[PDB]
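The first chain written gets the first letter, and so on, giving A, B, C and D; residue counts start at 1 in each chain.
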Amino acid sequence: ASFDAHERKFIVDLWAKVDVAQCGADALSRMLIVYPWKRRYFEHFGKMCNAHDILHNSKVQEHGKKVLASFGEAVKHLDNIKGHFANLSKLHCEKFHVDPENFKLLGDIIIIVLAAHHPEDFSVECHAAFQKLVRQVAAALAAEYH
Amino acid sequence: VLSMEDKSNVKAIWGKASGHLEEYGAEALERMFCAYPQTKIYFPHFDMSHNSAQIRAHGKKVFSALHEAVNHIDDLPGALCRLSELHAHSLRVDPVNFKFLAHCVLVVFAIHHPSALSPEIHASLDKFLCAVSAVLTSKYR
Amino acid sequence: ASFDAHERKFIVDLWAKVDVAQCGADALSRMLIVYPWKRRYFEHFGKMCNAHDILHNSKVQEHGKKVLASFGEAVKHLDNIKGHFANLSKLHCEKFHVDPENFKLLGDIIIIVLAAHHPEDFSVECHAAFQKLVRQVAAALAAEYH
Amino acid sequence: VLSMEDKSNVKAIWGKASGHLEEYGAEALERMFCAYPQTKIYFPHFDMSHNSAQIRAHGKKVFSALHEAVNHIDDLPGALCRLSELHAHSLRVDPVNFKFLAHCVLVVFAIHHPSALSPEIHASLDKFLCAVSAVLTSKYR
(Lines give C-alpha, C1' and ligand atoms only; values in the text may rest on other atoms or scores of the structure.)
Protein backbone atom coordinates (compact mmCIF):
# COMPACT_ATOMS: atom_id res chain seq x y z
CA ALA A 1 0.00 0.00 0.00
CA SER A 2 1.20 3.50 -0.88
CA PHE A 3 2.15 5.86 1.95
CA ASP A 4 -0.46 8.53 2.74
CA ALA A 5 0.74 12.12 3.38
CA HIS A 6 0.65 11.51 7.15
CA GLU A 7 2.85 8.42 6.91
CA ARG A 8 5.14 10.27 4.47
CA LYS A 9 5.60 13.21 6.90
CA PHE A 10 6.42 10.89 9.86
CA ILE A 11 9.07 9.00 7.86
CA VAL A 12 10.67 11.96 6.05
CA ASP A 13 10.88 14.17 9.17
CA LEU A 14 12.36 11.55 11.48
CA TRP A 15 14.92 10.34 8.92
CA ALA A 16 16.35 13.87 8.78
CA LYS A 17 17.30 13.55 12.47
CA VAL A 18 18.82 10.05 12.25
CA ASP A 19 22.59 9.56 12.67
CA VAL A 20 22.85 6.85 10.04
CA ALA A 21 26.45 5.86 10.87
CA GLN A 22 25.63 5.28 14.56
CA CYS A 23 22.20 3.67 14.21
CA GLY A 24 23.40 1.28 11.49
CA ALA A 25 26.38 0.08 13.48
CA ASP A 26 23.96 -0.34 16.44
CA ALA A 27 21.46 -2.40 14.39
CA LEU A 28 23.97 -4.79 12.85
CA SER A 29 25.69 -5.35 16.21
CA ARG A 30 22.27 -6.08 17.70
CA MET A 31 21.39 -8.49 14.89
CA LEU A 32 24.60 -10.50 15.52
CA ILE A 33 24.12 -10.48 19.36
CA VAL A 34 20.37 -11.34 19.33
CA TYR A 35 20.80 -14.02 16.60
CA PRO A 36 24.37 -15.34 17.18
CA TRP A 37 24.15 -17.95 14.41
CA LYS A 38 23.91 -15.30 11.67
CA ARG A 39 27.61 -14.62 12.21
CA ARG A 40 27.98 -17.43 9.64
CA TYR A 41 27.23 -14.88 6.91
CA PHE A 42 29.92 -12.48 8.20
CA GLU A 43 32.86 -14.72 9.34
CA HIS A 44 35.23 -12.84 7.00
CA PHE A 45 34.86 -9.80 9.31
CA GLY A 46 37.08 -11.65 11.80
CA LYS A 47 36.64 -11.65 15.59
CA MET A 48 32.99 -12.16 16.63
CA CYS A 49 33.20 -14.83 19.35
CA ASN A 50 31.18 -12.75 21.89
CA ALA A 51 29.26 -9.41 22.23
CA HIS A 52 32.37 -7.35 23.20
CA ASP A 53 34.19 -8.55 20.05
CA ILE A 54 31.18 -7.65 17.87
CA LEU A 55 30.83 -4.15 19.35
CA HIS A 56 34.55 -3.39 18.72
CA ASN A 57 34.79 -5.08 15.28
CA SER A 58 35.23 -2.26 12.72
CA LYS A 59 34.14 -4.37 9.73
CA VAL A 60 30.84 -4.89 11.55
CA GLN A 61 30.63 -1.16 12.31
CA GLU A 62 31.22 -0.10 8.67
CA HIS A 63 28.91 -2.78 7.23
CA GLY A 64 26.14 -1.43 9.50
CA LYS A 65 26.62 2.10 8.18
CA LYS A 66 26.20 0.89 4.57
CA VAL A 67 23.19 -1.30 5.26
CA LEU A 68 21.31 1.52 7.01
CA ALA A 69 22.44 4.03 4.35
CA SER A 70 20.88 1.66 1.80
CA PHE A 71 17.65 1.36 3.82
CA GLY A 72 17.61 5.19 4.03
CA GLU A 73 17.38 5.42 0.19
CA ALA A 74 13.83 4.02 0.59
CA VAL A 75 12.88 7.40 2.15
CA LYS A 76 13.68 9.07 -1.21
CA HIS A 77 11.80 6.39 -3.24
CA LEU A 78 8.66 5.76 -1.15
CA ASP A 79 6.60 5.27 -4.35
CA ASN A 80 9.15 2.82 -5.86
CA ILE A 81 10.53 0.67 -3.03
CA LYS A 82 10.17 -2.64 -4.95
CA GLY A 83 11.91 -1.26 -8.00
CA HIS A 84 14.74 0.50 -6.16
CA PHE A 85 15.84 -2.64 -4.25
CA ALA A 86 15.65 -5.19 -7.17
CA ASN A 87 19.38 -5.31 -7.81
CA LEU A 88 20.10 -5.68 -4.08
CA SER A 89 17.48 -8.50 -3.76
CA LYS A 90 19.23 -10.47 -6.53
CA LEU A 91 22.64 -10.12 -4.80
CA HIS A 92 21.33 -11.40 -1.45
CA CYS A 93 19.88 -14.43 -3.33
CA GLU A 94 22.62 -15.34 -5.83
CA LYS A 95 25.77 -14.24 -4.02
CA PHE A 96 25.14 -14.12 -0.27
CA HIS A 97 22.51 -16.97 -0.23
CA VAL A 98 20.56 -15.30 2.62
CA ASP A 99 17.14 -16.68 3.60
CA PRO A 100 14.60 -13.92 2.83
CA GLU A 101 12.86 -14.44 6.20
CA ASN A 102 15.82 -12.69 7.86
CA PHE A 103 14.99 -9.27 6.28
CA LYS A 104 12.02 -8.87 8.67
CA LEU A 105 14.20 -9.60 11.74
CA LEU A 106 16.73 -6.87 10.82
CA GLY A 107 13.80 -4.49 10.08
CA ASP A 108 12.40 -5.15 13.60
CA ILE A 109 15.84 -4.39 15.11
CA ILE A 110 16.01 -1.11 13.14
CA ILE A 111 12.67 -0.05 14.70
CA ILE A 112 14.09 -0.75 18.20
CA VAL A 113 17.29 1.19 17.45
CA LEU A 114 15.23 4.15 16.20
CA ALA A 115 12.91 4.02 19.23
CA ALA A 116 15.91 4.14 21.60
CA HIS A 117 17.61 7.07 19.80
CA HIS A 118 14.52 9.18 19.22
CA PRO A 119 12.19 8.46 22.18
CA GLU A 120 10.01 11.58 21.79
CA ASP A 121 9.60 11.39 18.00
CA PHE A 122 8.80 7.65 18.01
CA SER A 123 5.09 8.08 18.81
CA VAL A 124 2.50 5.32 18.33
CA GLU A 125 1.67 6.77 14.89
CA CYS A 126 5.29 7.44 13.92
CA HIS A 127 6.06 3.76 14.86
CA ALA A 128 3.16 2.56 12.69
CA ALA A 129 4.49 4.48 9.63
CA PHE A 130 7.99 3.01 10.20
CA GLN A 131 6.67 -0.57 10.59
CA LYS A 132 4.95 -0.15 7.21
CA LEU A 133 8.25 1.02 5.65
CA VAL A 134 10.23 -1.90 7.17
CA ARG A 135 7.57 -4.35 5.86
CA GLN A 136 7.87 -2.97 2.33
CA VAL A 137 11.67 -2.88 2.26
CA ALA A 138 11.71 -6.50 3.51
CA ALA A 139 9.25 -7.56 0.79
CA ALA A 140 11.24 -5.70 -1.88
CA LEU A 141 14.50 -7.41 -0.77
CA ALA A 142 12.73 -10.80 -0.96
CA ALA A 143 11.28 -10.16 -4.45
CA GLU A 144 14.03 -11.41 -6.85
CA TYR A 145 14.53 -14.85 -5.28
CA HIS A 146 13.72 -16.68 -8.53
CA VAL B 1 16.41 -22.76 27.13
CA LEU B 2 17.30 -19.63 29.14
CA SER B 3 20.78 -19.43 30.69
CA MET B 4 21.52 -18.17 34.20
CA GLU B 5 22.86 -14.96 32.61
CA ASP B 6 19.68 -14.58 30.52
CA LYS B 7 17.57 -15.01 33.70
CA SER B 8 19.49 -12.34 35.65
CA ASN B 9 19.47 -9.99 32.62
CA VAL B 10 15.67 -10.43 32.41
CA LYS B 11 15.11 -9.86 36.16
CA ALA B 12 17.20 -6.62 35.93
CA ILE B 13 15.39 -4.91 32.98
CA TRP B 14 11.99 -5.91 34.42
CA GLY B 15 12.71 -4.11 37.71
CA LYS B 16 12.51 -0.89 35.73
CA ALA B 17 9.00 -1.84 34.67
CA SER B 18 8.07 -1.92 38.39
CA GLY B 19 5.64 0.87 39.21
CA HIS B 20 4.64 1.24 35.54
CA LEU B 21 2.83 -2.00 34.64
CA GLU B 22 -0.39 -0.21 33.60
CA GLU B 23 1.49 2.57 31.74
CA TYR B 24 3.91 0.23 29.93
CA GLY B 25 1.24 -2.46 29.33
CA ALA B 26 -1.18 0.13 27.87
CA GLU B 27 1.45 1.59 25.51
CA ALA B 28 2.44 -1.87 24.24
CA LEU B 29 -1.20 -2.67 23.33
CA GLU B 30 -1.66 0.75 21.66
CA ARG B 31 1.52 0.04 19.62
CA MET B 32 0.34 -3.44 18.57
CA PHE B 33 -3.12 -2.07 17.50
CA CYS B 34 -1.60 0.73 15.40
CA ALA B 35 1.37 -1.03 13.88
CA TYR B 36 -0.40 -4.40 13.37
CA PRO B 37 -4.10 -3.40 12.95
CA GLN B 38 -5.08 -7.02 12.01
CA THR B 39 -4.73 -7.71 15.81
CA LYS B 40 -7.93 -5.64 16.43
CA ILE B 41 -10.07 -8.61 15.25
CA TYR B 42 -9.57 -10.10 18.77
CA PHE B 43 -10.83 -6.99 20.60
CA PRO B 44 -14.18 -6.11 18.91
CA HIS B 45 -15.61 -4.96 22.29
CA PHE B 46 -12.84 -2.46 23.22
CA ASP B 47 -12.73 1.31 22.82
CA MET B 48 -9.57 1.74 20.80
CA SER B 49 -9.01 5.41 21.71
CA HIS B 50 -5.75 6.47 23.41
CA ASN B 51 -5.62 5.73 27.18
CA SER B 52 -9.05 4.07 26.91
CA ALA B 53 -10.05 2.62 30.29
CA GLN B 54 -10.33 -0.84 28.70
CA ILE B 55 -6.83 -0.65 27.16
CA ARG B 56 -5.41 0.52 30.49
CA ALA B 57 -7.02 -2.41 32.29
CA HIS B 58 -5.88 -5.05 29.79
CA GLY B 59 -2.30 -3.57 29.65
CA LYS B 60 -2.07 -3.90 33.45
CA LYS B 61 -3.17 -7.56 33.19
CA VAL B 62 -0.69 -8.60 30.47
CA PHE B 63 2.26 -6.93 32.26
CA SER B 64 1.24 -8.42 35.60
CA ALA B 65 1.21 -11.84 33.94
CA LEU B 66 4.71 -11.12 32.56
CA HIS B 67 5.79 -9.97 36.07
CA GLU B 68 4.70 -13.38 37.47
CA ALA B 69 6.53 -15.17 34.63
CA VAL B 70 9.80 -13.31 35.51
CA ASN B 71 9.36 -14.45 39.12
CA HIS B 72 8.79 -18.07 37.95
CA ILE B 73 11.31 -18.00 35.09
CA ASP B 74 12.56 -21.49 36.05
CA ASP B 75 9.18 -23.11 35.19
CA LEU B 76 7.24 -20.98 32.69
CA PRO B 77 5.00 -23.96 31.62
CA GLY B 78 3.66 -24.21 35.18
CA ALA B 79 3.34 -20.46 35.81
CA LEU B 80 1.30 -19.82 32.63
CA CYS B 81 -1.03 -22.88 32.24
CA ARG B 82 -4.29 -20.98 32.90
CA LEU B 83 -3.38 -18.40 30.25
CA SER B 84 -2.17 -21.11 27.87
CA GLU B 85 -5.62 -22.76 27.73
CA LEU B 86 -7.40 -19.34 27.48
CA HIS B 87 -5.25 -18.22 24.51
CA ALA B 88 -4.82 -21.54 22.67
CA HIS B 89 -8.40 -22.89 23.02
CA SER B 90 -10.91 -20.28 24.12
CA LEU B 91 -9.61 -17.38 21.95
CA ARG B 92 -7.65 -19.50 19.48
CA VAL B 93 -5.21 -16.62 18.88
CA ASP B 94 -2.86 -17.41 15.97
CA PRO B 95 0.90 -17.77 16.86
CA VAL B 96 2.08 -14.88 14.62
CA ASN B 97 0.26 -12.33 16.81
CA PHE B 98 2.45 -13.23 19.85
CA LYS B 99 5.51 -12.17 17.83
CA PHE B 100 3.82 -8.82 17.08
CA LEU B 101 3.23 -8.13 20.81
CA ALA B 102 6.72 -9.22 21.96
CA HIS B 103 8.09 -6.65 19.47
CA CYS B 104 5.83 -3.89 20.82
CA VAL B 105 6.99 -4.83 24.35
CA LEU B 106 10.66 -4.44 23.28
CA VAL B 107 9.92 -0.97 21.74
CA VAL B 108 8.28 0.25 25.00
CA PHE B 109 11.41 -0.77 27.02
CA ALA B 110 13.66 0.87 24.38
CA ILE B 111 11.66 4.11 24.57
CA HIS B 112 11.58 4.35 28.40
CA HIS B 113 14.94 2.72 29.23
CA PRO B 114 17.27 3.14 26.19
CA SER B 115 20.55 2.54 28.05
CA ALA B 116 19.26 -0.29 30.24
CA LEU B 117 18.19 -2.24 27.12
CA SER B 118 21.79 -2.90 25.95
CA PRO B 119 22.42 -5.44 23.08
CA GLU B 120 23.02 -8.25 25.64
CA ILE B 121 19.85 -7.42 27.64
CA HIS B 122 17.86 -7.10 24.37
CA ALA B 123 19.05 -10.61 23.44
CA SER B 124 17.93 -12.04 26.82
CA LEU B 125 14.52 -10.25 26.85
CA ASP B 126 13.73 -11.40 23.28
CA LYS B 127 14.55 -14.96 24.39
CA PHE B 128 12.27 -14.73 27.47
CA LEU B 129 9.32 -13.32 25.41
CA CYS B 130 9.67 -16.08 22.79
CA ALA B 131 9.54 -18.64 25.65
CA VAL B 132 6.46 -17.00 27.21
CA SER B 133 4.86 -16.92 23.73
CA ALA B 134 5.52 -20.67 23.26
CA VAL B 135 3.85 -21.64 26.53
CA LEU B 136 0.76 -19.59 25.47
CA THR B 137 0.90 -21.37 22.05
CA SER B 138 1.77 -24.95 23.13
CA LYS B 139 -1.76 -26.35 22.61
CA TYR B 140 -3.04 -24.16 19.71
CA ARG B 141 -2.20 -26.65 16.91
CA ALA C 1 4.62 -9.78 -9.30
CA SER C 2 2.56 -9.81 -12.50
CA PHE C 3 1.85 -13.15 -14.18
CA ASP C 4 3.98 -13.86 -17.27
CA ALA C 5 2.26 -15.36 -20.35
CA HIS C 6 3.37 -18.87 -19.30
CA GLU C 7 1.85 -18.52 -15.83
CA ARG C 8 -1.28 -16.97 -17.38
CA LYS C 9 -1.74 -19.94 -19.78
CA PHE C 10 -1.34 -22.54 -16.98
CA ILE C 11 -3.95 -20.80 -14.79
CA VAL C 12 -6.49 -19.92 -17.48
CA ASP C 13 -6.41 -23.36 -19.15
CA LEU C 14 -6.73 -25.41 -15.98
CA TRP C 15 -9.53 -23.25 -14.54
CA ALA C 16 -11.63 -24.05 -17.62
CA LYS C 17 -11.59 -27.74 -16.61
CA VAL C 18 -12.38 -27.20 -12.90
CA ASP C 19 -15.76 -28.28 -11.47
CA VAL C 20 -16.08 -25.31 -9.15
CA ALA C 21 -19.10 -26.67 -7.23
CA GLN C 22 -17.33 -29.94 -6.39
CA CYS C 23 -13.82 -28.62 -5.70
CA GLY C 24 -15.13 -25.81 -3.46
CA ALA C 25 -17.24 -28.12 -1.35
CA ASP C 26 -14.15 -30.40 -1.13
CA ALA C 27 -11.84 -27.55 -0.02
CA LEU C 28 -14.11 -26.15 2.69
CA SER C 29 -14.83 -29.63 4.07
CA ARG C 30 -11.08 -30.24 4.16
CA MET C 31 -10.42 -26.92 5.90
CA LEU C 32 -12.92 -27.81 8.69
CA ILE C 33 -11.55 -31.41 9.05
CA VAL C 34 -7.82 -30.48 8.98
CA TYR C 35 -8.33 -27.45 11.30
CA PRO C 36 -11.31 -28.50 13.50
CA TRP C 37 -11.24 -25.31 15.60
CA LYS C 38 -12.20 -23.10 12.63
CA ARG C 39 -15.73 -24.50 12.93
CA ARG C 40 -16.11 -21.60 15.39
CA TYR C 41 -16.57 -19.27 12.40
CA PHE C 42 -19.31 -21.50 10.90
CA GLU C 43 -21.37 -22.79 13.90
CA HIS C 44 -24.57 -21.35 12.36
CA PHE C 45 -24.28 -24.04 9.64
CA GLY C 46 -25.42 -26.56 12.28
CA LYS C 47 -24.10 -30.12 12.67
CA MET C 48 -20.29 -30.29 12.42
CA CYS C 49 -19.29 -32.46 15.40
CA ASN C 50 -17.19 -34.87 13.24
CA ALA C 51 -15.96 -35.42 9.62
CA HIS C 52 -19.10 -37.35 8.50
CA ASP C 53 -21.34 -34.48 9.67
CA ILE C 54 -19.18 -31.93 7.81
CA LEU C 55 -19.21 -33.92 4.55
CA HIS C 56 -23.04 -34.20 4.62
CA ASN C 57 -23.75 -30.63 5.86
CA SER C 58 -25.35 -28.76 2.92
CA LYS C 59 -24.60 -25.28 4.30
CA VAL C 60 -20.92 -26.27 4.25
CA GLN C 61 -21.30 -27.63 0.71
CA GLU C 62 -22.95 -24.44 -0.64
CA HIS C 63 -20.55 -22.10 1.20
CA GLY C 64 -17.65 -23.97 -0.46
CA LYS C 65 -19.14 -23.43 -3.92
CA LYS C 66 -19.36 -19.65 -3.32
CA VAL C 67 -15.89 -19.31 -1.84
CA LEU C 68 -14.26 -21.13 -4.78
CA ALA C 69 -16.47 -19.24 -7.27
CA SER C 70 -15.11 -16.04 -5.70
CA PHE C 71 -11.51 -17.29 -5.92
CA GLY C 72 -12.20 -18.17 -9.58
CA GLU C 73 -12.94 -14.47 -10.36
CA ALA C 74 -9.19 -13.88 -9.80
CA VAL C 75 -8.60 -15.80 -13.08
CA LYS C 76 -10.50 -13.02 -14.94
CA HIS C 77 -8.65 -10.21 -13.06
CA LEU C 78 -5.05 -11.46 -12.94
CA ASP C 79 -3.76 -7.88 -13.37
CA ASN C 80 -6.04 -6.50 -10.59
CA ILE C 81 -6.24 -9.12 -7.83
CA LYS C 82 -5.68 -6.60 -4.98
CA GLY C 83 -8.34 -4.27 -6.29
CA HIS C 84 -10.94 -6.93 -7.07
CA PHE C 85 -10.90 -8.43 -3.54
CA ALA C 86 -10.89 -5.12 -1.51
CA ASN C 87 -14.57 -5.23 -0.59
CA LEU C 88 -14.29 -8.91 0.42
CA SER C 89 -11.15 -8.18 2.56
CA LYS C 90 -13.08 -5.51 4.51
CA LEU C 91 -15.97 -7.93 5.20
CA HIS C 92 -13.67 -10.66 6.57
CA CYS C 93 -12.13 -8.01 8.89
CA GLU C 94 -15.13 -5.99 10.10
CA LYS C 95 -17.92 -8.58 10.02
CA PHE C 96 -16.46 -12.07 10.24
CA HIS C 97 -13.37 -11.07 12.36
CA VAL C 98 -11.18 -13.72 10.66
CA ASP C 99 -7.42 -13.72 11.31
CA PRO C 100 -5.75 -12.96 7.94
CA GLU C 101 -3.18 -15.75 8.47
CA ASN C 102 -5.96 -18.26 7.70
CA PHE C 103 -6.24 -17.19 4.01
CA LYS C 104 -2.93 -18.96 3.23
CA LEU C 105 -4.12 -22.23 4.84
CA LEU C 106 -7.29 -22.35 2.70
CA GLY C 107 -5.17 -21.48 -0.38
CA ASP C 108 -2.87 -24.46 0.37
CA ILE C 109 -5.93 -26.74 0.66
CA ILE C 110 -7.23 -25.47 -2.71
CA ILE C 111 -3.90 -26.48 -4.33
CA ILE C 112 -4.27 -30.02 -2.86
CA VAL C 113 -7.88 -30.30 -4.07
CA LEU C 114 -6.82 -29.21 -7.56
CA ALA C 115 -3.88 -31.63 -7.60
CA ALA C 116 -6.18 -34.54 -6.70
CA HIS C 117 -8.82 -33.68 -9.34
CA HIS C 118 -6.45 -32.88 -12.19
CA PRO C 119 -3.39 -35.12 -11.66
CA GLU C 120 -2.05 -34.86 -15.24
CA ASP C 121 -2.52 -31.10 -15.64
CA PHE C 122 -1.00 -30.28 -12.23
CA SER C 123 2.63 -30.37 -13.43
CA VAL C 124 5.53 -28.88 -11.45
CA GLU C 125 5.20 -25.67 -13.49
CA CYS C 126 1.40 -25.59 -13.39
CA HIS C 127 1.64 -25.98 -9.55
CA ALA C 128 4.12 -23.09 -9.36
CA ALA C 129 1.74 -20.77 -11.30
CA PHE C 130 -1.15 -21.76 -8.97
CA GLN C 131 0.92 -21.22 -5.79
CA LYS C 132 1.67 -17.69 -7.05
CA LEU C 133 -2.07 -17.07 -7.59
CA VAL C 134 -3.00 -18.41 -4.10
CA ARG C 135 -0.29 -16.17 -2.55
CA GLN C 136 -1.70 -13.08 -4.27
CA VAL C 137 -5.34 -13.80 -3.45
CA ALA C 138 -4.34 -14.36 0.20
CA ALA C 139 -2.44 -11.05 0.28
CA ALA C 140 -5.34 -9.22 -1.39
CA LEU C 141 -7.83 -10.65 1.19
CA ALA C 142 -5.50 -9.49 4.00
CA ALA C 143 -5.09 -5.95 2.59
CA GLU C 144 -8.02 -3.98 4.13
CA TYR C 145 -7.42 -4.97 7.77
CA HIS C 146 -7.05 -1.34 8.92
CA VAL D 1 0.12 -35.12 20.04
CA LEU D 2 -0.88 -37.80 17.49
CA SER D 3 -3.86 -40.03 18.34
CA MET D 4 -3.97 -43.79 17.76
CA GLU D 5 -6.29 -43.11 14.78
CA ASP D 6 -3.84 -40.52 13.38
CA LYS D 7 -0.99 -43.08 13.71
CA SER D 8 -2.89 -45.82 11.85
CA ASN D 9 -4.07 -43.32 9.19
CA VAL D 10 -0.42 -42.28 8.68
CA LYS D 11 0.88 -45.88 8.48
CA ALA D 12 -1.81 -46.66 5.83
CA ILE D 13 -1.14 -43.76 3.37
CA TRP D 14 2.63 -44.27 3.71
CA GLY D 15 2.37 -47.91 2.58
CA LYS D 16 1.43 -46.54 -0.83
CA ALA D 17 4.70 -44.64 -0.89
CA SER D 18 6.49 -48.02 -0.54
CA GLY D 19 8.43 -48.82 -3.71
CA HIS D 20 8.43 -45.15 -4.78
CA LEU D 21 10.59 -43.33 -2.21
CA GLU D 22 13.04 -41.99 -4.84
CA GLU D 23 10.25 -41.10 -7.30
CA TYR D 24 7.99 -39.42 -4.70
CA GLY D 25 10.94 -37.82 -2.83
CA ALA D 26 12.35 -36.39 -6.09
CA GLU D 27 9.00 -34.91 -7.17
CA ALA D 28 8.45 -33.27 -3.77
CA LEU D 29 11.86 -31.50 -3.99
CA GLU D 30 11.21 -30.42 -7.61
CA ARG D 31 7.84 -28.97 -6.43
CA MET D 32 9.42 -27.10 -3.50
CA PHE D 33 12.18 -25.61 -5.79
CA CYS D 34 9.67 -24.41 -8.38
CA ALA D 35 6.83 -23.23 -6.18
CA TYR D 36 9.08 -21.77 -3.43
CA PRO D 37 12.30 -20.80 -5.32
CA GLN D 38 13.74 -19.04 -2.20
CA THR D 39 14.44 -22.65 -0.96
CA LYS D 40 17.21 -22.97 -3.63
CA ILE D 41 19.56 -20.87 -1.43
CA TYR D 42 20.23 -24.08 0.58
CA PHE D 43 21.23 -26.15 -2.48
CA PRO D 44 23.83 -24.00 -4.34
CA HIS D 45 25.77 -27.17 -5.35
CA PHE D 46 22.85 -29.08 -6.98
CA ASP D 47 21.88 -29.40 -10.63
CA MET D 48 18.31 -28.17 -10.56
CA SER D 49 17.26 -29.81 -13.83
CA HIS D 50 14.34 -32.31 -13.86
CA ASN D 51 15.27 -35.83 -12.62
CA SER D 52 18.80 -34.58 -11.89
CA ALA D 53 20.86 -37.37 -10.29
CA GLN D 54 21.45 -35.15 -7.22
CA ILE D 55 17.71 -34.41 -6.78
CA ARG D 56 16.92 -38.12 -7.13
CA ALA D 57 19.47 -39.00 -4.46
CA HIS D 58 18.33 -36.35 -1.97
CA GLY D 59 14.59 -37.21 -2.57
CA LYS D 60 15.35 -40.85 -1.70
CA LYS D 61 17.08 -39.72 1.53
CA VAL D 62 14.29 -37.41 2.77
CA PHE D 63 11.57 -40.03 2.10
CA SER D 64 13.64 -42.78 3.72
CA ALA D 65 13.96 -40.55 6.79
CA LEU D 66 10.16 -40.07 6.75
CA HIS D 67 9.74 -43.88 6.36
CA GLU D 68 11.80 -44.38 9.56
CA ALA D 69 9.75 -41.70 11.35
CA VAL D 70 6.48 -43.54 10.45
CA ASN D 71 7.98 -46.73 11.92
CA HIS D 72 8.98 -44.83 15.12
CA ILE D 73 5.89 -42.61 15.27
CA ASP D 74 5.64 -43.16 19.06
CA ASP D 75 8.98 -41.35 19.70
CA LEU D 76 9.80 -38.93 16.86
CA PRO D 77 12.27 -36.91 19.05
CA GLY D 78 14.44 -40.02 19.44
CA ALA D 79 14.14 -41.24 15.84
CA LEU D 80 15.19 -37.87 14.32
CA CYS D 81 17.93 -36.47 16.66
CA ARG D 82 20.79 -36.80 14.14
CA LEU D 83 18.77 -34.89 11.53
CA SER D 84 17.60 -32.36 14.12
CA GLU D 85 21.18 -31.23 14.86
CA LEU D 86 22.12 -31.24 11.12
CA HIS D 87 19.15 -29.02 10.17
CA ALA D 88 18.98 -26.74 13.22
CA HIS D 89 22.73 -26.11 13.72
CA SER D 90 24.85 -27.12 10.75
CA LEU D 91 22.50 -25.82 7.98
CA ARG D 92 20.48 -23.46 10.17
CA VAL D 93 17.44 -23.90 7.90
CA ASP D 94 14.67 -21.43 8.84
CA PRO D 95 11.39 -22.99 10.20
CA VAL D 96 9.15 -21.59 7.41
CA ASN D 97 10.88 -23.79 4.81
CA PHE D 98 9.71 -27.00 6.59
CA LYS D 99 6.11 -25.87 6.04
CA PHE D 100 6.85 -25.41 2.31
CA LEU D 101 8.16 -29.00 1.99
CA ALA D 102 5.34 -30.61 4.03
CA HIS D 103 2.92 -28.96 1.55
CA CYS D 104 4.84 -30.30 -1.46
CA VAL D 105 4.76 -33.77 0.17
CA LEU D 106 0.94 -33.54 0.53
CA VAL D 107 0.58 -32.54 -3.18
CA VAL D 108 2.67 -35.57 -4.32
CA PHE D 109 0.38 -37.96 -2.33
CA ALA D 110 -2.72 -36.17 -3.72
CA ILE D 111 -1.43 -36.53 -7.29
CA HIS D 112 -0.50 -40.24 -7.04
CA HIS D 113 -3.16 -41.43 -4.56
CA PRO D 114 -6.17 -39.05 -4.81
CA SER D 115 -8.73 -41.40 -3.21
CA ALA D 116 -6.40 -42.73 -0.50
CA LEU D 117 -5.74 -39.17 0.71
CA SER D 118 -9.30 -38.66 2.05
CA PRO D 119 -10.07 -35.56 4.27
CA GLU D 120 -9.46 -37.65 7.45
CA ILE D 121 -6.14 -39.08 6.16
CA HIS D 122 -5.09 -35.58 4.95
CA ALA D 123 -5.74 -34.30 8.49
CA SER D 124 -3.58 -37.06 10.04
CA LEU D 125 -0.70 -36.72 7.51
CA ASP D 126 -0.56 -32.92 7.96
CA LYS D 127 -0.35 -33.51 11.73
CA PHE D 128 2.50 -36.05 11.37
CA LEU D 129 4.53 -33.73 9.04
CA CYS D 130 4.13 -30.78 11.44
CA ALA D 131 5.45 -33.04 14.25
CA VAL D 132 8.42 -34.22 12.13
CA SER D 133 9.09 -30.56 11.22
CA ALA D 134 9.12 -29.56 14.93
CA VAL D 135 11.68 -32.19 15.89
CA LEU D 136 13.94 -30.92 13.04
CA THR D 137 13.36 -27.34 14.34
CA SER D 138 13.52 -27.91 18.14
CA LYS D 139 17.03 -26.44 18.57
CA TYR D 140 17.11 -23.78 15.78
CA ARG D 141 16.15 -20.81 18.02
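Here is the rule we go by: a residue touches a chain if its C-beta (ideal position, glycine included) is under 8 Å from a C-beta of that chain, and two chains touch if they have at least 3 such contacts.
Each chain and its UniProt protein: A, C = Hemoglobin subunit beta; B, D = Hemoglobin subunit alpha.
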What pair in B-C, C-D or A-B shares over half of its contact pairs, by residue number, with A-D? B-C
Select, from A-D and A-B, the pair of chains that is joined by more C-beta pairs in contact. A-B
Which whole number of Å gives the spacing of the CA centres of chain B (Hemoglobin subunit alpha) and chain C (Hemoglobin subunit beta)? 34
Please compute the C-alpha centroid of chain C (Hemoglobin subunit beta), do the same for chain D (Hemoglobin subunit alpha), then give the distance between them in whole Å. 24
Interfacial residue positions of chain B (Hemoglobin subunit alpha) with respect to chain C (Hemoglobin subunit beta) in the complex: 37-38, 40-42, 44, 92-94, 96-97
Residue numbers of chain C (Hemoglobin subunit beta) touching chain D (Hemoglobin subunit alpha) in their complex, please. 29-30, 33-34, 51, 54-55, 108, 111-112, 115-117, 119, 122, 124-125, 127-128, 131
Contact residues on chain B (Hemoglobin subunit alpha) for chain A (Hemoglobin subunit beta) in the complex? 27, 30-31, 34-36, 50, 103, 106-107, 110-112, 114, 117, 119-120, 122-123, 126
Applying the document's contact rule, which stretches of chain C (Hemoglobin subunit beta) touch chain B (Hemoglobin subunit alpha) when the two form their complex? 37, 40, 93, 97-102, 142, 145-146
